Every structure is written in structure tokens, then in C-alpha cells.
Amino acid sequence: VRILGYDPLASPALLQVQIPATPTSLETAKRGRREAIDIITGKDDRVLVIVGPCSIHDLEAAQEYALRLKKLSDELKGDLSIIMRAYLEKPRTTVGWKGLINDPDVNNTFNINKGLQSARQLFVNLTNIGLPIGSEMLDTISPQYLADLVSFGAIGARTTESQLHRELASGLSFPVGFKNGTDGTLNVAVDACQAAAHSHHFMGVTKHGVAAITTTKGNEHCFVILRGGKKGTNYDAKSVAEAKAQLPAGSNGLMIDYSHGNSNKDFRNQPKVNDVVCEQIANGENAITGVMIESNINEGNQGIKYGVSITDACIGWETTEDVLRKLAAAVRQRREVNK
């Protein structure tokens, strides 16, 4: 009655044959995960950075951003492990463009099949140049199509409390970061990591495109991402102190999102958040193992222009390289303190 109808959907398996992953694409993914893992579990003293657009709607522009990021990465690779934000799914407050997969032509034609091809082609393009990628795991079905290429997965502030996403995280083969609640508190993110650490049994879609009963083993590589909210921003020393205070035993390092709740309405506050975090890092803060940055080729956003976001506003490339270079400096400074 409220279901207008269904359209055929190509299986993950079929799509994976159609758009094969290069050995380089596969290697990059694996490298990405190991590095992120070593960092959040305190084995490496570099900082994990998830940098990139709010969303990708242009593969050509994403590719150019990628090329830029990949070299700035090779250079700063001694202080930072960088993973590019290649988000294909966006959670709306109510309505709006949901991303590349859902509506690739960005015109309400919702050619999901074409979305998945672009999403997968995009992923192979990026990872194929030696650049790891990360995306928000909003859909619980789309992962079956791109997992083999992802190095990090984020569960949004609006879904961190969802049992379905905790079940999803427990079976993903890479680290997962749970954003704190949209109210600015960490409780739900801590519960989410605890929950995703366990094994779960639940119905899910296989690579054959059919529903089956899944059994996951648990994901010991989940961590909390501080992204602000109603109760205020939480990238400062006092907020970080309170976060550490409530992190249970065996917890992985914290990640600080410079945007969203913490950029507090103005995307221009991202570099300022960096200053405040670099401050803590340079002075010996070892609990801050990762940061998240919404960056594009050009700053700002626009409605429905080249290197410009069509969803949230991002800092341009020029100021992004500024931030990363500062962050890297902060990291060297920490090594010193720790000696």
C-alpha cells in the first residue's frame, strides 16, 4: 500500500566482477587498515587522519583532490596516516540529496544501480593510486558492495544508537568510528563500541543479493569520535579529559572531528579547532589518536561549480594543507615530550 514498487538490483557479487579491484586497490585498503589499527591501539604514535569532502558527487574532482592528498600524504607519512573521506551516503535531518549511491545523477531519478557502479568505480580509482579511503556506513546493505576497498568506516551521530549499525560494525573488517550523539554526549558512542565488540546474529544481505542469517565475530577496533552537539563542542582539553574519564578498560584512542558539531555552524572554525587540538597533542596528549576533517578542492558549498561541495561546507585545499602540516608538526612535538 505504501510501497509503490520494487526494481531489480544487481548483486554485490555481480557488481564486483563488473568493476574488479586492482591488486593495488586491494593492497592500499589492507595497508590502510593496519595503519589505522596500529594507531588507535597505541602501537604507532602517528595520528590517524580522515580527510576529504563532506560528500562525493563528482568522480573527476574527487580524483584530483585524491592526487593532491596522496602526495601531501607521502611527504607527511612519517607523522600522519591519512585516509580520504569518500562519503557516498549522507544522513539528512529530514530530506535532501542522500549521496552518490542513492541518486548519482543528483536529480531525483534515484538510479541506485548506477549509483553503486559509480561508488565502486570511484573507490577503485582512489585506492588504486595508493590512497586509503573511508566512508560513513549508513546503509546496512551497500557495504556488501564496497567493503573490500574501505579502510575505515564511520557510524553517524544519528545512527550510533541504532542496534542495526552496532550489529553492522561488529562484522566489518576494518576499524569503525562511532560519532558521539547529536546531543554532544559520549555515552551512546561508548555503548556502541562495547556492543560492536561482541558477536551478533541477525538477518542481512549476502554478496549474492539474498537475505541470510549472519553471525559476526565482534570488532575490537571501534573507537569514539568527538564531533560536538547540543551540549557544546568537545575538542578542548577539558572535554577530552572528561572523555578519557569515561572510556572503559581496553578502549582505543579518541578521534576528534574538526567539523560538524565542533566547527559549530561555521566551516571556517575547522583550522581553529586544529590549533586547539595540535595544542594538546604537542603537549603530550596521547589519547588523541585521530582527527576528522571535511576538506574539498575549494572551500564552502553550493546549491543544486567544480571543486565545491553540494552538501555541507568544507575548507579549501590550500587551508587543508596548512592544517595537516600544523598537525604533523604537533605530532613531532609529542614524540619529543614522550621521550
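Take the two forms, superpose them, and find the largest set of C-alpha atoms that agree within 1.5 Å; that set is the rigid core. So that there is no doubt, residue numbering starts at 1 and follows the sequence shown.
The stretch that moves more in 7 other deposited structures of this protein, judged by CA deviation after a rigid core superposition and choosing between 130 to 138 and 105 to 113, is 105 to 113.
For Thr94, the fraction of other compared entries lacking coordinates, among those that model flanking residues, reaches at least a third.
In the deposited entry, the stretch joining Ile304 to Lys305 is interrupted by 4 to 9 residues of the deposited sequence lacking coordinates. Averaged over Cα atoms, the B-factor as recorded in the entry is higher for 69 to 77 than for the other of 69 to 77 and 135 to 143. 153 to 161 and 86 to 94 differ in mean CA B-factor, and the higher of the two is recorded for 86 to 94. Within the group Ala196, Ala189, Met255, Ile129, the record's highest C-alpha temperature factor is found at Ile129. Highest C-alpha temperature factor among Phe178, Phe202, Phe174, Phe110 per the entry: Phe110. Among the modelled residues of its chain, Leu324 has a C-alpha B-factor that falls in the highest third according to the deposited record.
In this PDB entry, the Cα temperature factor of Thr214 sits in the bottom third of its chain's modelled residues, the lowest group. When the modelled residues of the chain are ordered by their C-alpha B factor, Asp236 lands in the middle third. Residue-level temperature factors show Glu167 in the lowest third of its chain, judged at the C-alpha atom. Per-chain ranking of the deposited C-alpha B factor places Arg34 in the lowest third.
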